[PDB]
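Here is the file target38.cif (mmCIF, N, CA and C atoms and all ligand atoms).
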data_entry
#
loop_
_atom_site.label_atom_id
_atom_site.label_comp_id
_atom_site.auth_asym_id
_atom_site.auth_seq_id
_atom_site.Cartn_x
_atom_site.Cartn_y
_atom_site.Cartn_z
N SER K 42 180.45 206.18 235.40
CA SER K 42 180.99 207.10 236.31
C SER K 42 182.45 206.85 236.21
N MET K 43 182.99 206.81 235.01
CA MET K 43 184.25 206.21 234.86
C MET K 43 185.35 207.01 235.61
N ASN K 44 186.35 206.24 235.97
CA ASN K 44 187.61 206.79 236.40
C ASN K 44 188.53 206.77 235.20
N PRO K 45 189.19 207.90 234.92
CA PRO K 45 190.27 207.87 233.93
C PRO K 45 191.47 207.15 234.53
N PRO K 46 192.48 206.87 233.71
CA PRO K 46 193.71 206.29 234.25
C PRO K 46 194.31 207.29 235.22
N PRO K 47 194.95 206.81 236.29
CA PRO K 47 195.61 207.76 237.21
C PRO K 47 196.78 208.43 236.51
N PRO K 48 197.23 209.57 237.04
CA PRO K 48 198.33 210.30 236.41
C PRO K 48 199.59 209.44 236.37
N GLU K 49 200.40 209.61 235.33
CA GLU K 49 201.63 208.83 235.20
C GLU K 49 202.57 209.07 236.38
N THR K 50 203.30 208.05 236.78
CA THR K 50 204.32 208.20 237.82
C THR K 50 205.71 207.89 237.24
N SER K 51 205.74 207.62 235.95
CA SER K 51 206.98 207.42 235.22
C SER K 51 206.74 207.83 233.78
N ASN K 52 207.80 208.28 233.11
CA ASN K 52 207.71 208.64 231.70
C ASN K 52 209.12 208.55 231.13
N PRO K 53 209.40 207.51 230.32
CA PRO K 53 210.77 207.29 229.86
C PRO K 53 211.34 208.40 228.99
N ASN K 54 210.50 209.15 228.29
CA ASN K 54 211.02 210.25 227.48
C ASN K 54 211.11 211.61 228.19
N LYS K 55 210.86 211.62 229.50
CA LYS K 55 211.00 212.81 230.32
C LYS K 55 212.27 212.64 231.16
N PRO K 56 213.12 213.67 231.21
CA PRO K 56 214.36 213.51 231.98
C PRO K 56 214.10 213.51 233.48
N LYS K 57 214.88 212.73 234.22
CA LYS K 57 214.75 212.67 235.67
C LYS K 57 215.77 213.59 236.32
N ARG K 58 215.56 213.91 237.59
CA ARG K 58 216.57 214.62 238.35
C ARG K 58 216.38 214.40 239.85
N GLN K 59 217.48 214.47 240.58
CA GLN K 59 217.44 214.46 242.03
C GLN K 59 218.12 215.73 242.51
N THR K 60 217.48 216.41 243.45
CA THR K 60 218.05 217.61 244.05
C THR K 60 217.82 217.53 245.55
N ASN K 61 218.56 218.33 246.32
CA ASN K 61 218.35 218.40 247.77
C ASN K 61 216.93 218.82 248.11
N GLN K 62 216.37 219.73 247.32
CA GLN K 62 215.01 220.21 247.54
C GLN K 62 214.01 219.09 247.28
N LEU K 63 214.23 218.32 246.22
CA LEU K 63 213.32 217.23 245.94
C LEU K 63 213.39 216.14 247.01
N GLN K 64 214.58 215.86 247.52
CA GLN K 64 214.72 214.86 248.58
C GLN K 64 213.95 215.30 249.81
N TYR K 65 214.06 216.59 250.13
CA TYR K 65 213.36 217.19 251.27
C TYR K 65 211.85 217.12 251.09
N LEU K 66 211.39 217.40 249.88
CA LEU K 66 209.96 217.32 249.60
C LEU K 66 209.38 215.94 249.88
N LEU K 67 210.17 214.90 249.64
CA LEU K 67 209.73 213.54 249.95
C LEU K 67 209.88 213.23 251.44
N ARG K 68 211.11 213.40 251.94
CA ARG K 68 211.43 212.97 253.29
C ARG K 68 210.71 213.76 254.38
N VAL K 69 210.59 215.07 254.18
CA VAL K 69 210.02 215.93 255.19
C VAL K 69 208.61 216.40 254.85
N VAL K 70 208.43 217.00 253.68
CA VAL K 70 207.15 217.62 253.39
C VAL K 70 206.02 216.60 253.18
N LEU K 71 206.18 215.73 252.19
CA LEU K 71 205.14 214.76 251.90
C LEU K 71 204.93 213.78 253.05
N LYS K 72 206.02 213.22 253.57
CA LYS K 72 205.89 212.19 254.59
C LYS K 72 205.35 212.72 255.90
N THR K 73 205.55 214.01 256.16
CA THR K 73 204.94 214.64 257.32
C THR K 73 203.45 214.93 257.09
N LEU K 74 203.12 215.54 255.95
CA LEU K 74 201.73 215.82 255.59
C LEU K 74 200.90 214.55 255.61
N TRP K 75 201.50 213.47 255.14
CA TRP K 75 200.83 212.18 255.01
C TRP K 75 200.23 211.71 256.33
N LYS K 76 200.88 212.09 257.43
CA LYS K 76 200.48 211.61 258.75
C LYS K 76 199.38 212.44 259.41
N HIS K 77 199.04 213.57 258.80
CA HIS K 77 198.03 214.48 259.34
C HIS K 77 196.66 213.82 259.38
N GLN K 78 195.85 214.17 260.38
CA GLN K 78 194.52 213.57 260.54
C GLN K 78 193.61 213.84 259.35
N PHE K 79 193.91 214.88 258.58
CA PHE K 79 193.09 215.23 257.42
C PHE K 79 193.67 214.76 256.08
N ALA K 80 194.73 213.96 256.11
CA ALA K 80 195.42 213.61 254.87
C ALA K 80 194.72 212.51 254.09
N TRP K 81 193.93 211.69 254.78
CA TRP K 81 193.40 210.47 254.17
C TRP K 81 192.65 210.63 252.84
N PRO K 82 191.88 211.72 252.66
CA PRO K 82 191.18 211.83 251.37
C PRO K 82 192.14 212.11 250.21
N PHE K 83 193.37 212.52 250.51
CA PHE K 83 194.30 212.97 249.49
C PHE K 83 195.43 211.98 249.24
N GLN K 84 195.33 210.80 249.85
CA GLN K 84 196.42 209.81 249.75
C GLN K 84 196.34 208.91 248.51
N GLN K 85 195.28 209.07 247.71
CA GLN K 85 195.11 208.26 246.51
C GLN K 85 194.24 209.02 245.52
N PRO K 86 194.28 208.61 244.25
CA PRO K 86 193.41 209.26 243.27
C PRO K 86 191.96 209.12 243.68
N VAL K 87 191.15 210.13 243.38
CA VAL K 87 189.73 210.04 243.65
C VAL K 87 189.11 208.90 242.84
N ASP K 88 188.45 207.97 243.53
CA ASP K 88 187.76 206.87 242.86
C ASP K 88 186.29 207.24 242.75
N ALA K 89 185.88 207.68 241.56
CA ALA K 89 184.51 208.15 241.33
C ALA K 89 183.46 207.05 241.44
N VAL K 90 183.87 205.80 241.24
CA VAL K 90 182.93 204.69 241.36
C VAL K 90 182.74 204.33 242.83
N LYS K 91 183.85 204.24 243.56
CA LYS K 91 183.79 203.95 244.99
C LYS K 91 183.03 205.05 245.72
N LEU K 92 183.43 206.29 245.51
CA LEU K 92 182.89 207.42 246.27
C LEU K 92 181.56 207.93 245.75
N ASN K 93 181.07 207.31 244.67
CA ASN K 93 179.80 207.68 244.06
C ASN K 93 179.77 209.14 243.64
N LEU K 94 180.79 209.54 242.88
CA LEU K 94 180.90 210.90 242.38
C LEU K 94 181.12 210.76 240.89
N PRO K 95 180.11 210.39 240.18
CA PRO K 95 180.26 210.14 238.76
C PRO K 95 180.75 211.36 238.01
N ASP K 96 180.52 212.57 238.54
CA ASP K 96 180.92 213.78 237.85
C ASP K 96 182.32 214.32 238.22
N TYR K 97 183.05 213.63 239.08
CA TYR K 97 184.36 214.16 239.49
C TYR K 97 185.27 214.57 238.35
N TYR K 98 185.54 213.65 237.44
CA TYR K 98 186.41 213.88 236.31
C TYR K 98 185.69 214.60 235.16
N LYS K 99 184.37 214.80 235.28
CA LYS K 99 183.69 215.74 234.39
C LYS K 99 184.09 217.18 234.72
N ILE K 100 184.47 217.42 235.97
CA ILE K 100 184.84 218.74 236.45
C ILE K 100 186.36 218.93 236.53
N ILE K 101 187.04 217.93 237.09
CA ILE K 101 188.48 217.99 237.33
C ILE K 101 189.24 217.33 236.18
N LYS K 102 189.96 218.14 235.41
CA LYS K 102 190.65 217.66 234.22
C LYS K 102 192.14 217.42 234.44
N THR K 103 192.68 217.93 235.54
CA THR K 103 194.07 217.65 235.90
C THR K 103 194.14 217.13 237.32
N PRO K 104 193.69 215.89 237.51
CA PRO K 104 193.64 215.25 238.83
C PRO K 104 195.04 215.13 239.42
N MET K 105 195.12 215.25 240.74
CA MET K 105 196.38 214.99 241.42
C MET K 105 196.11 214.63 242.86
N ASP K 106 196.99 213.81 243.42
CA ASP K 106 196.85 213.34 244.80
C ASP K 106 198.23 213.04 245.36
N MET K 107 198.32 212.88 246.68
CA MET K 107 199.62 212.67 247.31
C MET K 107 200.22 211.31 247.06
N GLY K 108 199.39 210.32 246.75
CA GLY K 108 199.92 209.01 246.42
C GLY K 108 200.72 209.08 245.13
N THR K 109 200.13 209.74 244.15
CA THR K 109 200.81 210.01 242.89
C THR K 109 202.09 210.83 243.11
N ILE K 110 202.00 211.89 243.90
CA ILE K 110 203.19 212.72 244.13
C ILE K 110 204.30 211.91 244.80
N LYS K 111 203.93 211.09 245.77
CA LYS K 111 204.89 210.23 246.46
C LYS K 111 205.61 209.32 245.47
N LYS K 112 204.86 208.67 244.59
CA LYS K 112 205.47 207.77 243.61
C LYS K 112 206.37 208.54 242.65
N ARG K 113 205.94 209.74 242.26
CA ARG K 113 206.75 210.56 241.38
C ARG K 113 208.08 210.92 242.02
N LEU K 114 208.02 211.31 243.29
CA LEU K 114 209.24 211.63 244.03
C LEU K 114 210.13 210.41 244.16
N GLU K 115 209.53 209.26 244.47
CA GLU K 115 210.28 208.01 244.56
C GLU K 115 210.93 207.60 243.23
N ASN K 116 210.31 207.97 242.10
CA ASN K 116 210.80 207.68 240.74
C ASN K 116 211.84 208.69 240.25
N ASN K 117 212.04 209.77 240.99
CA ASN K 117 212.82 210.91 240.50
C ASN K 117 212.22 211.41 239.19
N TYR K 118 210.88 211.39 239.13
CA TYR K 118 210.12 211.82 237.97
C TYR K 118 210.25 213.31 237.67
N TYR K 119 210.43 214.11 238.71
CA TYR K 119 210.45 215.56 238.56
C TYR K 119 211.83 216.10 238.21
N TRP K 120 211.83 217.23 237.52
CA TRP K 120 213.08 217.92 237.21
C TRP K 120 213.51 218.80 238.39
N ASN K 121 212.55 219.43 239.05
CA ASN K 121 212.89 220.30 240.17
C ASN K 121 211.74 220.43 241.17
N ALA K 122 212.05 221.03 242.31
CA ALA K 122 211.08 221.15 243.39
C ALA K 122 209.84 221.90 242.95
N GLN K 123 210.01 222.94 242.15
CA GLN K 123 208.88 223.74 241.67
C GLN K 123 207.84 222.86 240.96
N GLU K 124 208.31 221.90 240.18
CA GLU K 124 207.42 221.03 239.43
C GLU K 124 206.58 220.19 240.41
N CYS K 125 207.22 219.75 241.49
CA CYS K 125 206.51 218.97 242.50
C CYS K 125 205.53 219.86 243.26
N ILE K 126 205.98 221.04 243.64
CA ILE K 126 205.12 221.99 244.34
C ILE K 126 203.87 222.30 243.51
N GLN K 127 204.05 222.43 242.20
CA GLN K 127 202.92 222.63 241.30
C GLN K 127 201.88 221.52 241.44
N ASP K 128 202.34 220.27 241.60
CA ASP K 128 201.41 219.16 241.76
C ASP K 128 200.63 219.28 243.07
N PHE K 129 201.31 219.64 244.16
CA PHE K 129 200.61 219.86 245.43
C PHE K 129 199.54 220.94 245.25
N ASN K 130 199.91 222.04 244.62
CA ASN K 130 198.96 223.14 244.41
C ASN K 130 197.78 222.74 243.54
N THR K 131 198.03 221.91 242.53
CA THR K 131 196.95 221.37 241.71
C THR K 131 195.98 220.54 242.56
N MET K 132 196.53 219.72 243.44
CA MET K 132 195.72 218.89 244.32
C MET K 132 194.80 219.74 245.21
N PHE K 133 195.37 220.77 245.83
CA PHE K 133 194.56 221.63 246.69
C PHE K 133 193.51 222.38 245.88
N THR K 134 193.95 222.98 244.77
CA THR K 134 193.05 223.74 243.91
C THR K 134 191.90 222.88 243.36
N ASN K 135 192.18 221.65 242.97
CA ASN K 135 191.14 220.73 242.52
C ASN K 135 190.06 220.59 243.57
N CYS K 136 190.48 220.50 244.82
CA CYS K 136 189.54 220.29 245.90
C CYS K 136 188.62 221.51 246.05
N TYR K 137 189.20 222.70 245.92
CA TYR K 137 188.41 223.93 246.05
C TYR K 137 187.46 224.06 244.87
N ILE K 138 187.93 223.66 243.69
CA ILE K 138 187.13 223.74 242.48
C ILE K 138 185.95 222.78 242.51
N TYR K 139 186.16 221.55 242.96
CA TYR K 139 185.14 220.54 242.92
C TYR K 139 184.08 220.75 243.97
N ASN K 140 184.47 221.37 245.05
CA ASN K 140 183.57 221.47 246.19
C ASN K 140 183.08 222.89 246.36
N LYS K 141 182.85 223.31 247.61
CA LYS K 141 182.36 224.65 247.91
C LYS K 141 182.96 225.10 249.23
N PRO K 142 183.10 226.42 249.41
CA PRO K 142 183.68 226.92 250.67
C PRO K 142 182.89 226.43 251.88
N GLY K 143 183.60 226.05 252.94
CA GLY K 143 182.94 225.57 254.15
C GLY K 143 182.67 224.07 254.22
N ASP K 144 182.77 223.35 253.10
CA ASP K 144 182.56 221.91 253.10
C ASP K 144 183.65 221.25 253.94
N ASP K 145 183.32 220.12 254.58
CA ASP K 145 184.30 219.41 255.40
C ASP K 145 185.57 219.10 254.62
N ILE K 146 185.44 218.64 253.38
CA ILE K 146 186.62 218.29 252.60
C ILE K 146 187.47 219.52 252.32
N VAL K 147 186.81 220.66 252.17
CA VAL K 147 187.53 221.91 251.90
C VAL K 147 188.25 222.40 253.15
N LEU K 148 187.63 222.26 254.32
CA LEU K 148 188.31 222.58 255.58
C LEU K 148 189.58 221.74 255.72
N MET K 149 189.51 220.49 255.27
CA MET K 149 190.64 219.58 255.32
C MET K 149 191.74 220.09 254.40
N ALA K 150 191.38 220.40 253.16
CA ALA K 150 192.38 220.91 252.22
C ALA K 150 193.02 222.22 252.69
N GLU K 151 192.21 223.13 253.23
CA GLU K 151 192.72 224.41 253.72
C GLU K 151 193.78 224.20 254.80
N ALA K 152 193.52 223.26 255.70
CA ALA K 152 194.44 222.95 256.78
C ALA K 152 195.73 222.36 256.23
N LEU K 153 195.61 221.42 255.30
CA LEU K 153 196.80 220.81 254.72
C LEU K 153 197.61 221.82 253.92
N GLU K 154 196.93 222.68 253.17
CA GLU K 154 197.63 223.69 252.40
C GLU K 154 198.47 224.62 253.29
N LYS K 155 197.91 225.04 254.42
CA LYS K 155 198.65 225.88 255.36
C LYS K 155 199.90 225.18 255.88
N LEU K 156 199.76 223.92 256.26
CA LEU K 156 200.89 223.14 256.73
C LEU K 156 201.92 222.96 255.60
N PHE K 157 201.43 222.64 254.41
CA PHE K 157 202.29 222.55 253.23
C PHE K 157 203.11 223.82 253.03
N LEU K 158 202.43 224.97 253.02
CA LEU K 158 203.12 226.24 252.81
C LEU K 158 204.13 226.51 253.92
N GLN K 159 203.77 226.14 255.14
CA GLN K 159 204.66 226.28 256.28
C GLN K 159 205.96 225.52 256.04
N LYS K 160 205.85 224.31 255.51
CA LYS K 160 207.03 223.47 255.31
C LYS K 160 207.88 223.83 254.09
N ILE K 161 207.28 224.41 253.06
CA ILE K 161 208.06 224.78 251.88
C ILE K 161 208.52 226.23 251.92
N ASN K 162 208.13 226.94 252.97
CA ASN K 162 208.52 228.33 253.13
C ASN K 162 210.04 228.45 253.07
N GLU K 163 210.72 227.47 253.67
CA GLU K 163 212.16 227.38 253.61
C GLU K 163 212.57 225.98 253.16
N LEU K 164 213.32 225.91 252.06
CA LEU K 164 213.81 224.64 251.55
C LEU K 164 215.32 224.62 251.67
N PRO K 165 215.92 223.42 251.63
CA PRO K 165 217.39 223.40 251.58
C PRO K 165 217.95 224.11 250.35
N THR K 166 219.19 224.55 250.45
CA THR K 166 219.87 225.16 249.32
C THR K 166 220.68 224.09 248.60
N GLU K 167 220.85 224.14 247.30
CA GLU K 167 221.57 223.07 246.59
C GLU K 167 223.02 223.48 246.25
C1 LIG K 201 184.31 215.08 253.74
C2 LIG K 201 184.70 213.82 253.03
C3 LIG K 201 186.14 213.50 252.81
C4 LIG K 201 186.52 212.25 252.13
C5 LIG K 201 185.53 211.24 251.68
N1 LIG K 201 185.93 210.05 251.04
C6 LIG K 201 186.78 210.12 249.93
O1 LIG K 201 187.16 209.20 249.25
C7 LIG K 201 187.17 211.38 249.33
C8 LIG K 201 188.58 211.48 248.88
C9 LIG K 201 188.99 212.68 248.21
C10 LIG K 201 187.93 213.74 247.97
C11 LIG K 201 186.57 213.61 248.37
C12 LIG K 201 186.12 212.35 249.08
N2 LIG K 201 185.57 214.69 248.04
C13 LIG K 201 184.18 214.33 248.40
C14 LIG K 201 184.04 214.42 249.67
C15 LIG K 201 183.79 216.03 249.79
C16 LIG K 201 182.68 216.18 249.09
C17 LIG K 201 183.02 215.31 247.87
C18 LIG K 201 185.74 215.28 247.06
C19 LIG K 201 185.41 214.40 245.78
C20 LIG K 201 187.44 215.84 246.86
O2 LIG K 201 187.67 216.83 246.35
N3 LIG K 201 188.32 215.02 247.31
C21 LIG K 201 189.68 215.26 247.23
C22 LIG K 201 184.07 211.56 251.87
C23 LIG K 201 183.01 210.61 251.40
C24 LIG K 201 183.67 212.84 252.58
#
Take the structure I supplied and represent it as structure tokens, if you would.
Ligand SMILES: Cc1ccc(NC(=O)c2ccc3c(c2)N(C2CCCC2)[C@H](C)C(=O)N3C)c(C)c1
Amino acid sequence: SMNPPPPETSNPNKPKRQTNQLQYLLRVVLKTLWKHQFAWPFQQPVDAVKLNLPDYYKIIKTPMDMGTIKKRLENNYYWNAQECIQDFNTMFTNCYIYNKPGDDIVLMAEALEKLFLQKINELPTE
């Protein structure tokens, strides 16, 4: 029921960048979402051995989670806010793909996605 390696949080041959939008994504968006009552399933990579989901990575080929995103933001791994936003969207979409409408985990993702969209609706200007 193997777990693949978690997504990279550093890559020396990829250029780094810091922007006002990226700082905001860490300080306000991620750190606020992190505290939500429904955030806990999304704070680390899915552990298929722990959670007894041997087929998780049979289905999900581009895993993403907020722990990974947090480390990426802390590393200045991203070039721009859009790249980070893409990771959040991958995380939510993975959840919808792996599960089914109405599942408790999906209700959690739906709630977080709404809050996420609420917070990125307006970003700082650079
Ligand atoms: C309702 C719920 C919420 C969390 C957990 N415990 C997790 O470790 C956990 C972390 C992340 C996920 C997850 C479980 N589900 C499970 C649960 C939903 C049906 C499959 C699937 C793989 C998913 O897509 N994600 C993101 C449990 C046991 C039940």
* Asked: What lies within 8 Å of residue K:131 using all atoms listed in the file, ignoring chain neighbours under 4 positions off, as a list in words?
  ->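 Listed by chain and then number, they are residues 103, 104, 105, 106, 125, 126, 127, 135, 136 and 137 of chain K.
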* Using all atoms listed in the file, determine which residues fall within 5 Å of ligand LIG 201 (chain K), then list them as number ranges by chain. => K: 82-83, 136, 145-146
Mind writing the picked residues with N, CA and C atoms as a PDB file, in the frame of the given file?
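And here's part26.pdb as it stands now:
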ATOM      1  N   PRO K  82     191.880 211.720 252.660  1.00  0.00           N
ATOM      2  CA  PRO K  82     191.180 211.830 251.370  1.00  0.00           C
ATOM      3  C   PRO K  82     192.140 212.110 250.210  1.00  0.00           C
ATOM      4  N   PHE K  83     193.370 212.520 250.510  1.00  0.00           N
ATOM      5  CA  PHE K  83     194.300 212.970 249.490  1.00  0.00           C
ATOM      6  C   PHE K  83     195.430 211.980 249.240  1.00  0.00           C
ATOM      7  N   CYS K 136     190.480 220.500 244.820  1.00  0.00           N
ATOM      8  CA  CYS K 136     189.540 220.290 245.900  1.00  0.00           C
ATOM      9  C   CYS K 136     188.620 221.510 246.050  1.00  0.00           C
ATOM     10  N   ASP K 145     183.320 220.120 254.580  1.00  0.00           N
ATOM     11  CA  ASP K 145     184.300 219.410 255.400  1.00  0.00           C
ATOM     12  C   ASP K 145     185.570 219.100 254.620  1.00  0.00           C
ATOM     13  N   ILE K 146     185.440 218.640 253.380  1.00  0.00           N
ATOM     14  CA  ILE K 146     186.620 218.290 252.600  1.00  0.00           C
ATOM     15  C   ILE K 146     187.470 219.520 252.320  1.00  0.00           C
TER      16      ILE K 146
END
* **Exercise: residue K:63 partners within 10 Å, only C-alpha atoms, chain neighbours under 2 positions left out, as a list in words** => residues 58, 59, 60, 61, 65, 66, 67, 68, 69, 70, 114, 115, 117, 119, 120, 121, 122, 123, 124, 125, 126, 164 and 165 of chain K
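Between atom C of residue K:90 and atom CA of residue K:107 lies a distance of 19.4 Å.
Atom pair atom C of residue K:150 / atom CA of residue K:74 has a distance of 11.2 Å (rounded to one decimal).
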* Structure fact -> In Å and to one decimal, atom C of residue K:139 is distant from atom CA of residue K:102 by 12.2 Å
* To do: Counting all atoms listed in the file, figure out which residue out of K:108, K:160, K:149, K:42 gets nearest to residue K:85.
  =>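 Once distances to residue K:85 are computed over all atoms listed in the file, the minimum belongs to K:108.
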* Within chain K, find each residue whose DSSP state, derived from the backbone, is helix (DSSP H, G or I), and express the selection as a ChimeraX atom specification. => /K:61-74,81-83,97-100,107-116,122-139,145-161
* Would you list the contacts of residue K:97 as a VMD selection string, taking every protein, DNA or RNA residue within 8 Å and counting all atoms listed in the file, but skipping same-chain residues closer than 3 positions in sequence? => chain K and resid 42 to 43 87 to 89 93 to 94 100 to 102 139
* To do: Could you check which of K:159, K:45, K:51, K:152 is closest to residue K:116, using only N, CA and C atoms?
  =>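 Answer, going by the shortest atom-to-atom distance: K:51.
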* Asked: Which of these residues is nearest to residue K:84, using only N, CA and C atoms: K:118, K:109, K:141, K:154?
  ->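 Once distances to residue K:84 are computed over only N, CA and C atoms, the minimum belongs to K:109.
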